[PDB]
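Working through the structure, step by step
Here's the letter readout for the chains.
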Amino acid sequence: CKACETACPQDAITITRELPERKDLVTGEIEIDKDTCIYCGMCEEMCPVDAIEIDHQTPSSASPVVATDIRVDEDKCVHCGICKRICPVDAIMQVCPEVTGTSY
Amino acid sequence: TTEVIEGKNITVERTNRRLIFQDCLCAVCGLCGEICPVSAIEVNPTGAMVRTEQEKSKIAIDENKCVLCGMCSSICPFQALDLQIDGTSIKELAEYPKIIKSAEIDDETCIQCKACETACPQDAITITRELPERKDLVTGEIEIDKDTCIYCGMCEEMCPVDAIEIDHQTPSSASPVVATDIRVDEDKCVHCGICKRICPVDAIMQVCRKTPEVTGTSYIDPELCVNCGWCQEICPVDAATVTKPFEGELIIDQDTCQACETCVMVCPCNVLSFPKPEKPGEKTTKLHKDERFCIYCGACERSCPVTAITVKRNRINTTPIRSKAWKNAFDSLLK
Amino acid sequence: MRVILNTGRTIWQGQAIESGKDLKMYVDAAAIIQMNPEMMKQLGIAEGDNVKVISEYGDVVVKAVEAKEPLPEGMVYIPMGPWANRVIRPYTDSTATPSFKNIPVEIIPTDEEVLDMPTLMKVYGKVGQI
Amino acid sequence: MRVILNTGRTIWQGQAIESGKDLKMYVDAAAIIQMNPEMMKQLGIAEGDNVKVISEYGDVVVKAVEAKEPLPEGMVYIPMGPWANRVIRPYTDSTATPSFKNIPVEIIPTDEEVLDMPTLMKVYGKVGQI
Amino acid sequence: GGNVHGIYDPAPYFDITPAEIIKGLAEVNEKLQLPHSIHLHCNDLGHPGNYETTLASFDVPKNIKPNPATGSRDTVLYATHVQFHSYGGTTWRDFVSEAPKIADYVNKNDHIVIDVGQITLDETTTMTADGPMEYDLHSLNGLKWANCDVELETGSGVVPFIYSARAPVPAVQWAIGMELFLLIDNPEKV
Amino acid sequence: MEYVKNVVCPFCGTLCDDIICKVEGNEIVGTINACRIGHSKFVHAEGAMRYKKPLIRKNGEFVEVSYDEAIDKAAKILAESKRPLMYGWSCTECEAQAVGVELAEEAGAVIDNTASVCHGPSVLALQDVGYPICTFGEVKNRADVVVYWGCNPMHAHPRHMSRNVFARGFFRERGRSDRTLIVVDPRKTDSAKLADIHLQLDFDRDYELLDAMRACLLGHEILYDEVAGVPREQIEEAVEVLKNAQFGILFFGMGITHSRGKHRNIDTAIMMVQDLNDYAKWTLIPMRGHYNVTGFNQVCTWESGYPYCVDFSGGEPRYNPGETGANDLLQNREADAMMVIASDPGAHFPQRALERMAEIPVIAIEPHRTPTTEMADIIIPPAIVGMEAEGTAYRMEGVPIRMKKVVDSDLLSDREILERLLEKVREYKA
Amino acid sequence: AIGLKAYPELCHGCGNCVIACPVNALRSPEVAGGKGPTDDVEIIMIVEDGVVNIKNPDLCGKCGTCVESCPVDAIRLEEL
Ligand SMILES: Nc1nc2c(c(=O)[nH]1)N[C@H]1C(S)=C(S)[C@@H](COP(=O)(O)OP(=O)(O)OC[C@H]3O[C@@H](n4cnc5c(=O)[nH]c(N)nc54)[C@H](O)[C@@H]3O)O[C@H]1N2
Ligand SMILES: Nc1nc2c(c(=O)[nH]1)N[C@H]1C(S)=C(S)[C@@H](COP(=O)(O)OP(=O)(O)OC[C@H]3O[C@@H](n4cnc5c(=O)[nH]c(N)nc54)[C@H](O)[C@@H]3O)O[C@H]1N2
Ligand code: SF4
Ligand code: SF4
Ligand code: SF4
Ligand code: SF4
Ligand code: SF4
Ligand code: SF4
Ligand code: SF4
Ligand code: SF4
Ligand code: SF4
Ligand code: SF4
Ligand code: SF4
Ligand code: SF4
Ligand code: SF4
Ligand code: SF4
Ligand SMILES: [K+]
Ligand SMILES: [K+]
Ligand SMILES: [K+]
Ligand SMILES: [K+]
Ligand SMILES: [K+]
Ligand SMILES: [K+]
Ligand SMILES: [K+]
Ligand SMILES: [K+]
Ligand SMILES: [K+]
Ligand SMILES: [K+]
Ligand SMILES: [K+]
Ligand SMILES: [Mg+2]
Ligand code: NA
Ligand SMILES: [S]
Ligand SMILES: [W+6]
Ligand SMILES: [Zn+2]
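So, a few notes on the structure that sits alongside this text.

Cut-offs applied
Positions are assigned from 1 on a per-chain basis following the written sequence, which can diverge from the numbering of the entry; residues without coordinates are not listed. Chains carry letters from A onward and ligands carry numbers from 1 onward, assigned in written order. Because the shown chains make up only part of a larger assembly, each value pertains to the shown part and nothing beyond it. No hydrogens and no water enter the side-chain calculation; it runs on all heavy atoms of the structure. Numbering goes from the N terminus for both helices and strands, where a helix is a DSSP run of H or I of at least four residues and a strand is a run of E of at least two. Values of the radius of gyration come from C-alpha atoms, whereas the globule rule sets the reference at 2.2 Å times the count of residues to the power 0.38. Partly exposed describes any residue whose relative accessible area lies between the buried limit of under 20% and the exposed limit of over 50%, with all areas from a 1.4 Å probe on protein chains only and scaled to the type maximum. Only the protein chains shown count as cover for residues, and all accessible areas are computed by the Shrake-Rupley method using a 1.4 Å probe. Counted as positive: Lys and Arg. Counted as negative: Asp and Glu, with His and the chain ends omitted from the count. Charge placement uses NZ in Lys and CZ in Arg. For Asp and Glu, CG and CD serve respectively. As a rule, N, O and S atoms within 2.8 Å of a metal are its donors, except that Na, K and Ca use 3.2 Å; water is not among the atoms, so sites may look incomplete. Residues are labelled near a given molecule or strand when at least one of their non-hydrogen atoms is within 4 Å of it. Note on residue classes: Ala, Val, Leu, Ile, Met, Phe, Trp, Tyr, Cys and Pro are nonpolar, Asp, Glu, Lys and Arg are charged, and everything else, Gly too, is polar. The criterion for strand pairing is that DSSP finds at least two bridges linking the strands in question. Under this scheme, a helix contributes an axis fitted over its contacting stretch, all axes are lines through C-alpha atoms, and angles between N-to-C directions fall in the 0 to 180 degree range. The contact criterion used is simple: two residues touch if any of their non-hydrogen atoms lie within 4.5 Å. Note on definitions: buried area is the accessible-area loss of two parts on being combined, 1.4 Å probe, summed for both. Whenever a carboxyl oxygen of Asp or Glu lies within 4 Å of a side-chain nitrogen of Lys or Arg, that contact is scored as a salt bridge. In the analysis that follows, any N or O atom pair within 3.5 Å is treated as a polar contact, provided that within protein one partner can donate a hydrogen and the other can accept it, and provided that, for residues neighboring in sequence, both atoms belong to side chains. Whenever a pair of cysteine sulfur atoms sits within 2.5 Å, that pair is classed as a disulfide. Aromatic pairs are defined between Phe, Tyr and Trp rings, using the six-membered ring for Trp, whenever the two ring centres lie within 6.5 Å; interplanar angles under 30 degrees are classed as stacked, those over 60 as edge-to-face, and all others as tilted. Like-charged residues are merged into a patch within 9 Å and nonpolar side chains (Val, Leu, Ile, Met, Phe, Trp, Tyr) within 5 Å, provided each residue has over 30% relative accessible area and no salt bridge. Multiplying 1.5 Å by the helix residue count minus one yields the expected span of that helix.

For chain B, the count of helices and strands is 10 helices and 19 strands. Taken against the 2.2 N^0.38 rule, which gives 20 Å for 335 residues, the C-alpha radius of gyration of chain B at 31 Å runs more than 25% over that of a compact globule. Within chain B, the proportion of its 335 residues that are buried is 50%. Only carbon and sulfur atoms are counted for the fraction: they give 46% of the accessible area of chain B, which is about 17,200 Å². Counting 37 positive and 53 negative side-chain charges, chain B places the centres of these two groups 8 Å from one another.

Rendered as structure tokens:
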């Protein structure tokens, strides 16, 4: 808990801890239909952990599109369900380790 | 007939008739210089005015030659020249020939995706949208039992949105505690459940238990819009409609072009580009065009030092021109 | 060089006004310019060297001393007195109170001497009125 | 002032070595210290003023010039040549290559003159060996 | 950063196969009446199962008649270091010698001379104009790698290599070269 | 006025071979195509000393002597020395360099070139981890990513960018527009001003930045939020630009050979370039300095087996940079005599090495007045390679080009001087 | 009027402008590919005696490509 490390008046204690990875404290599945996606950017803006990334671009006559890809980083996602609810074309499907350390 | 210089802008006035040139809207296409029946206008080099720093205005209007006819104001595809007669612009006077063009967004069809705002080469579109507050996209209840809490700090560290705050302190004999309070900001919480699962003493109670409409507006600035049609083509629901001033053709000689990029930078409609090869060893078109976005202004041709790109103009969209002087001037721009 | 002139009290200027404004100790306490050692290196001067101070409002010669109360970069300090009041902003902005603090001034080294109290006041050219 | 000394090429030092290291143009191209205008302001110097550069390894007098290729804060640049090589780190770290770049040095303004090429080389005291 | 696999696979852009390069250069060689023949280091060097690519390569210039102006050469193809081109199997785990099939081809055909490229079982250095093979060797042993791509012309690579008698692949590689020398009946072809 | 075309420039490692010399009588009075530096080497600057005769130092004065007298005294010094140093070589041609190697064997000398103050750390690195290079035409015709890491070509290799970046190649027909130009330098140099990406990193931290780029390339997390003053997110983005190249070239210079870590900065850059080949075609080219520094290391390697810092004191060649390099031998006071050829250690060595040059006999084979001739006991002037004498030179990526004789000189070539010196040292040794 | 102007005293003779120019590249395949001309040709400017030298100013289209290619502002487009 590290309370003794903070309290020690001589700074004689070292307390460390290895927290579980975020992905192991949530459970769910998430998938974006890239053909249905219109690259409106609302999911990317609203995502609370920046798990969604869109490859935005200025269109050119050789590539007449505002973006070339959209991805969800499943290691960052916390399965809050905000993205599926804001999507205006329903392109998103979304559905819903002990602490080790050293004491010295 | 006098003239007033306001930085790079030019005003030619006679007493009433007033011709105003706005340097910031000029694309240096050269059409005003070509149409003037008394050759009162001189247009500076297109590439130089776009690619380098110049103190000069993009055009020069000779007061001693200008007769304030308004042909230059009528032809300008960029709204940079405006002739006013007794305070009213010639675009509001039916006796003056007017080029037929438009650009609009159907607000009932629009879904506020913002693709047209990004694609517009003149930044003429403003799309606003009202997203709901984050607290209205999630539902749940959360509370921390402060008597059970041991202030280990694991929930505060793991919270993905920094909704948890602990008032940490160095203990003293009068206050022998490592912290004095813990709070959850319910407007920030996204009810992910991470905090309740990491808590080593189960001090956190968190439970998950119809979304409002996204409203918005669209606006096309008529002074900045050049009727290129990028909004119409990019729109996923066909909510944008555009009509162009001229019809014509572009001809590129790929072998004469030395890929200096001047025309690509000059084009105000983003018609021209340098495609990148997809795989190693593949070859691409040196200078790529997409005429769906072209307005046949002629700036590209004017800018090219090797004359590798030429513009043909087949029609200028107006109702039949009554004045012979105006009909002859407009006809001279066809080629 | 261009600097910002701040003015006000020193305990030494206080002791000097109460001892006597006609004594040498008043010239030693108030005909001075305090500056950070870095500014003295920029000007190429040492403690005890004289400095010519010029503003839009007047001019004065004062003795340079190292500041014991550190100044922000680009600021100097002349203690309140007739030397400081040769160069600060007289205008009151319709309040009655002049701008005694934070005036832009030009400072350069000089071989000219600091003027004592009666000699400094002769710059105003008092004409007898009785 | 404590600064970091970087050294290397300039097109002007290149033109001078190929024209003649015995000419005045070599002193004008290589007996110089390039500095950002902000550093010249901190030191209280102008372009053309001389600077004394001292390191743990030696000392040299060079002419200050404003850098046309901007430097990061706290860095100066002396073009490669015998003036730079009076002060950079000779040690090779058992590689054969000295530390010609990024050496801590002390810089101050000076009224001393820059030494021409034959005069600078007299500091080594060559003794005839035949 | 690529390579060709087999004799019917073209390089990017040029769109000419290894088989067409070999056949065309053999014809050029005899039109110029050169003293020596074309001198070939085959595609797919050092790979299990490459013996099929090698035998196909040997047949490519067989219908071209030798015509040297100087000397007495009477063969249209010279194939170098054939030990590295005589491998069976599909991976290094099932690797076997196919030297008897290669030697049988040389015994039965009259248009070919070979050299073996015998493993000496030393710590040595590899250096060839086979740039991608050298990079692949560096990827296997992790040792220092040099490369030089020469504009419009060729490439090259250099990697140190230890051929230990106690290691299984070098032991088979030594045996392959011995089989080529000893199973080829006529030393006029070696 | 005659125009001599296809001339090879005897200044930097770019080794331009399209120079046009303007010749009036027997004097090069002008040029075409050569940059400001190349032109300055070709034409004579009014007032600059060009020695017409050999010189010997007496007290502080010099006396003119014949080639016979000067070479005889130089040979006596070399023959009686126990640890002679034969240094420079990078501004002469390969035949003169080969005579130098034979003379170093005869005198039991240490032979070393300017690599020991230049790309010698790159040589140490390539010996440990490798050397993945290409020739200039591959850069021109294929490169879509060009990196200048710790080099300022606009000031030091002035036509390098016009020849390799602005040039329109076979698969890069749009020239500058088909390439992403990256410059890595703590200063905003004139080369960095042309870049698409300028990584203005903290000085002496290239090794740290390269460690982060390599860990990121292999799929690992970067331990710190900022490395060498570059934020984690921008390091990840720079790595993606390199991984997406169709053909990348990493050009590098003194910014990483002279700075903290020296050869280990080059080592980590080479390993990054090698590992990048699992994602994209990548190579590197050291920005070799003098027009023939590369030729010395080629000649010395093919004759002895080692490139520089070569010690022949024991008969067999031995190699130990850090022990047998010019600065090591002078600073550790081991060398008891020094012969300088086509180099200027007087101007370009640190003060600690100059202190040793003041105490030992110095022979300078040099055409002009320099800080080295100010420290010399004997000065022997030669005909200049690329203007008055021919021979091979090697470009920075190993391309050999023959230097031309444009005008005539009454002076001996370096090769001729060295052959006469070799004969006399042999005589004194007998 | 606006035209090409050289400042040879600021010039490095690097050749970026000579190669970047589309008029020069069209007239000389050597220049198109990054070399200085060896074949006799009439181009806008060349590097001569170590600095940029304007030879045929009437061929310049005032596009600004050379200007973007010079980091030391030694070739400009300005009122002549
Ligand atoms: N004008 C001229 N040209 C020459 C020569 C000459 O004397 N004069 N000599 C030739 C020779 S012999 C050589 S080797 C070449 C060398 O040419 P370059 O390799 O370009 O050598 P430098 O100009 O010494 O330094 C290059 C850059 O390294 C940067 N640098 C300094 N510290 C660091 C660092 O920690 N990291 C990084 N990334 N960069 C840093 C400097 O700011 C500088 O701009 O020039 C050759 N050409
Ligand atoms: N502070 C600092 N010092 C440095 C550097 C740095 O970046 N900073 N850089 C270092 C590097 S990388 C290097 S290579 C050195 C510079 O290397 P140096 O070799 O010292 O450079 P130069 O002064 O160009 O000397 C070349 C000499 O050769 C002579 N010469 C020219 N042609 C011929 C010929 O045909 N024959 C003969 N015999 N002589 C000829 C010239 O007159 C000239 O004096 O400087 C090093 N010193
Ligand atoms: S000993 Fe362990 S549990 Fe107890 S206060 Fe220290 S860290 Fe917390
Ligand atoms: S909200 Fe839906 S349409 Fe908009 S970008 Fe995200 S997935 Fe695509
Ligand atoms: S579920 Fe929540 S966290 Fe996961 S991507 Fe969608 S919005 Fe981001
Ligand atoms: S017509 Fe073309 S050149 Fe004339 S003002 Fe309008 S935009 Fe400028
Ligand atoms: S108003 Fe008529 S006369 Fe005056 S410039 Fe425009 S076109 Fe020419
Ligand atoms: S692209 Fe179509 S839907 Fe999207 S904002 Fe513009 S008009 Fe509305
Ligand atoms: S994890 Fe539990 S005990 Fe630790 S601070 Fe948060 S609520 Fe308190
Ligand atoms: S539920 Fe998730 S978002 Fe809300 S406080 Fe706990 S950890 Fe933070
Ligand atoms: S027509 Fe072209 S310029 Fe007008 S709003 Fe649509 S995209 Fe913008
Ligand atoms: S067409 Fe002319 S302007 Fe456009 S890129 Fe080609 S050469 Fe340059
Ligand atoms: S491509 Fe069409 S719109 Fe663009 S500059 Fe040329 S004529 Fe005008
Ligand atoms: S770049 Fe180097 S080789 Fe080419 S001309 Fe200039 S100095 Fe000579
Ligand atoms: S003008 Fe600029 S780009 Fe042209 S050669 Fe001179 S320095 Fe290089
Ligand atoms: S302005 Fe354009 S045409 Fe004129 S020289 Fe420069 S690049 Fe060539
Ligand atoms: K504590
Ligand atoms: K977000
Ligand atoms: K836009
Ligand atoms: K947190
Ligand atoms: K729990
Ligand atoms: K559409
Ligand atoms: K044109
Ligand atoms: K036969
Ligand atoms: K010269
Ligand atoms: K001229
Ligand atoms: K410029
Ligand atoms: Mg090749
Ligand atoms: Na200060
Ligand atoms: S060098
Ligand atoms: W060098
Ligand atoms: Zn082979």
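Right, picking up where we left off after that structure.
All names here are of chain B. With distances of 2.7 to 2.8 Å, the protein atoms coordinating the potassium ion (ligand 19) are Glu117 (O), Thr118 (O), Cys120 (O) and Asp123 (OD). In the primary structure, the donors to the potassium ion (ligand 19) are separated according to the pattern E-T-x1-C-x2-D. A relative accessible area of 40% places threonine 118 in the partly exposed class.

What follows is about the site of ligand 8. As a matter of local geometry, ligand 8 sits amid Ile105(B), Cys110(B), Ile111(B), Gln112(B), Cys113(B), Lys114(B), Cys116(B), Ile127(B), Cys235(B), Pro236(B), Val237(B) and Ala239(B). Of the residues assigned to the shell around ligand 8, the class counts are 10 nonpolar, 1 polar and 1 charged.

Here the potassium ion (ligand 25) is held by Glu18(D) (O), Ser40(F) (O) and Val43(F) (O), and the distances to it run 2.7 to 2.8 Å. Of this pair, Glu18(D) sits in helix 1 (residues 11-19) while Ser40(F) is found in helix 1 (residues 36-42), placing the two residues in two different chains. Taking relative accessible area as the criterion, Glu18(D) reaches 19% and is therefore assigned buried. What makes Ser40(F) buried here is its relative accessible area of 8%.

Now for the sheet that holds strand 6 (residues 157-162) of chain E. Taken in spatial order, the 4 strands line up as 4(E)-6(E)-5(E)-8(F) in an open sheet, and their pairing is mixed. Strand pairing shows two members of the sheet lacking a second neighbour, strand 4 (123-128) of chain E together with strand 8 (130-134) of chain F, which therefore form its edges. In this sheet, neighbouring strand axes are inclined to one another by 20 degrees on average, regardless of whether the strands run parallel or antiparallel. Of the pairings in the sheet, the one linking strand 5 (residues 145-149) of chain E to strand 8 of chain F comprises 5 bridges and is parallel in character. From the neighbouring strand, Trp145(E) faces strand 8 of chain F, where its bridge partner is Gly130(F). Across the sheet, helix 4 (residues 131-141) of chain E touches strand 4, strand 5 and strand 6 of chain E, and the angle it forms with strand 6 of chain E is around 40 degrees. Across the face of the sheet, helix 11 (residues 263-276) of chain F comes into contact with strand 5 of chain E together with strand 8 of chain F while running at roughly 65 degrees to strand 8 of chain F.

On to helix 4 of chain E. For helix 4 of chain E, the complete set of buried residues consists of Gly131(E), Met133(E), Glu134(E), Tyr135(E), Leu137(E) and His138(E). In this structure, the buried residues of helix 4 of chain E make contact with strand 4, strand 5 and strand 6 of chain E together with helix 11 of chain F. A positive backbone phi angle near 65 degrees is found at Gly142(E), which sits one or two residues after helix 4 of chain E.

Let us now look at the interface of chain D and chain F. Each side of the interface is counted separately: chain D has 56 residues, and chain F has 71 residues. Of the roughly 5,100 Å² buried between chain D and chain F on both sides combined, carbon and sulfur atoms contribute 60%. Looking only at chain D, the three residues that lose the most surface to chain F are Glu69(D), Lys126(D) and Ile130(D), adding up to 15% of its buried area. In this structure, the connection of chain D to chain F is made through 4 salt bridges. One salt bridge in this structure joins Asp344(F) and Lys21(D), with 2.7 Å as the shortest N-O distance. Connecting chain D to chain F are 30 residue pairs in polar contact. Every element with two or more residues in the side of chain D that touches chain F is listed here: strand 1 (2-8), helix 1, strand 5 (75-79) and helix 4 (117-121) of chain D. In terms of residue count, helix 1 of chain D provides more of the side of chain D that touches chain F than any other element does, 7 residues in total.

All names here are of chain F. The sheet built from 5 strands is open, its strands ordered 11-10-9-14-15 with parallel pairing. The open sheet has two free edges, formed respectively by strand 11 (197-199) and strand 15 (282-286), since each of these has just one partner strand. When the angles between neighbouring strand axes are averaged without regard to direction, this sheet yields 15 degrees.

This part takes up the state of the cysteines. Such a bond, covalent and formed between the sulfur atoms of two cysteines, is termed a disulfide. The full count for this structure, using the stated rule, is 0 disulfides over all chains. Free of any disulfide, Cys208(B) has its nearest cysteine sulfur in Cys96(A), 6.5 Å distant. A relative accessible area of 52% means that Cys208(B) is categorised as exposed.

This part covers the side chain of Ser162(F). Its place among the elements puts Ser162(F) in helix 7 (residues 160-164). Here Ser162(F) falls in the buried class, since its relative accessible area comes to 2%. Discounting residues that sit within four places of it in the chain, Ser162(F) has contacts with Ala167(F), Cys14(G), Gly15(G), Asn16(G), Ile19(G) and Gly34(G).

This part covers the interface of chain F and chain G. Listed per partner, the contact involves 27 residues of chain F and 31 residues of chain G. Carbon and sulfur atoms make up 48% of the surface buried where chain F meets chain G, a total of about 2,300 Å² over both sides. Our count for the contact surface shared by chain F and chain G stands at 3 salt bridges. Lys22(F) is the salt-bridge partner of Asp49(G), the closest N and O atoms lying 3.0 Å from each other. Linking chain F with chain G are 19 residue pairs in polar contact, by the criterion used here. Of the residues in the side of chain F that touches chain G, the class split is 10 nonpolar, 7 polar and 10 charged.

Time to look at the packing of aromatic side chains. Throughout the structure, instances matching the rule amount to 22 aromatic pairs over all chains. Summarising the aromatic geometry, the rings of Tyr13(E) and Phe170(F) are spaced 5.3 Å apart at their centres and angled 85 degrees between planes, so their arrangement reads as edge-to-face. With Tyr13(E) in the segment before helix 1 (18-31) and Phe170(F) in the loop between helix 7 and strand 10 (180-184), the pair connects residues from two separate chains. Between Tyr306(F) and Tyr319(F) the ring centres are 5.1 Å apart and the planes differ by 15 degrees, which places this aromatic pair in the stacked class. One end of the pair, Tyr306(F), is in the loop between helix 12 (293-304) and strand 16 (310-311); the other, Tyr319(F), is in strand 17 (residues 318-319), with 13 residues separating them in the sequence. Relative accessible area serves as the criterion here: at 29%, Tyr306(F) is assigned to the partly exposed category. The class of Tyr319(F) is buried, set by a relative accessible area of 15%.

As a further point, take the environment of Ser139(E). Residue and element names in this part refer to chain E. Here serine 139 lies in helix 4. Classification of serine 139 by relative accessible area gives partly exposed; the value is 45%. Along the sequence, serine 139 and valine 60 sit 79 residues apart, while their C-alpha atoms lie 31 Å from each other.

With respect to the element layout, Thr283(F) can be found in strand 15. Taking C-alpha positions, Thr283(F) is 9.4 Å from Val139(F), a pair spaced 144 residues apart along the chain. Excluding residues that lie within four positions of it along the chain, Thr283(F) makes contacts with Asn147(E), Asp149(E), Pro132(F), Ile133(F), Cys134(F), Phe247(F), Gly248(F), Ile249(F), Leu250(F) and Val273(F).

Another aspect to go through is a nonpolar patch on the surface. Where nonpolar side chains cluster on the molecular surface, the patch consists of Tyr13(E), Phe14(E), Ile16(E), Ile21(E), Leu25(E), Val28(E), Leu32(E), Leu34(E) and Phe170(F) and spans about 820 Å² of accessible area. With respect to the element layout, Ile21(E) can be found in helix 1. The exposure class of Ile21(E) is partly exposed, given its relative accessible area of 39%.

When the 9 pairs of chains in contact are ranked by number of contacts, first place goes to chains D and F. Chain A shows no contact with chain D. Their nearest C-alpha atoms sit 32 Å apart. At their nearest point, the C-alpha atoms of chain A and chain E are still 22 Å apart, with no contact between the two.

Turning next to the side chain of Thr10(D). In this fold, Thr10(D) is placed in the loop between strand 1 and helix 1. Once residues within four sequence positions are removed from consideration, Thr10(D) is found in contact with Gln34(D), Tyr77(D), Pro79(D) and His155(F).

A word on unusual backbone geometry. Of note in the backbone geometry, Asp11(A) takes a positive phi value of approximately 50 degrees without being a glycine. Tracing the sequence through the fold places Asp11(A) in the loop between helix 1 (3-7) and strand 1 (15-18). Not every positive phi belongs to a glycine, and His191(B) is a case in point at roughly 55 degrees. Within the fold, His191(B) resides in the loop between strand 12 (179-184) and helix 6 (194-198).

Residue and element names in this part refer to chain F. Its 14 residues place the ends of helix 3 (residues 94-107) 20 Å apart at the C-alpha level, agreeing with the 20 Å of an ideal helix rising 1.5 Å per residue. Residues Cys94, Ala96, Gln97, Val99, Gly100, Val101, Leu103, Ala104 and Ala107 constitute the buried set of helix 3. In this fold, the buried residues of helix 3 make contact with helix 2 (67-80), strand 6 (84-88), strand 7 (110-113), helix 12, strand 21 (391-394) and helix 17 (414-429). At the N-terminal boundary of helix 3, the capping side chain belongs to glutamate 93, with an oxygen 2.8 Å from the backbone nitrogen of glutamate 95.

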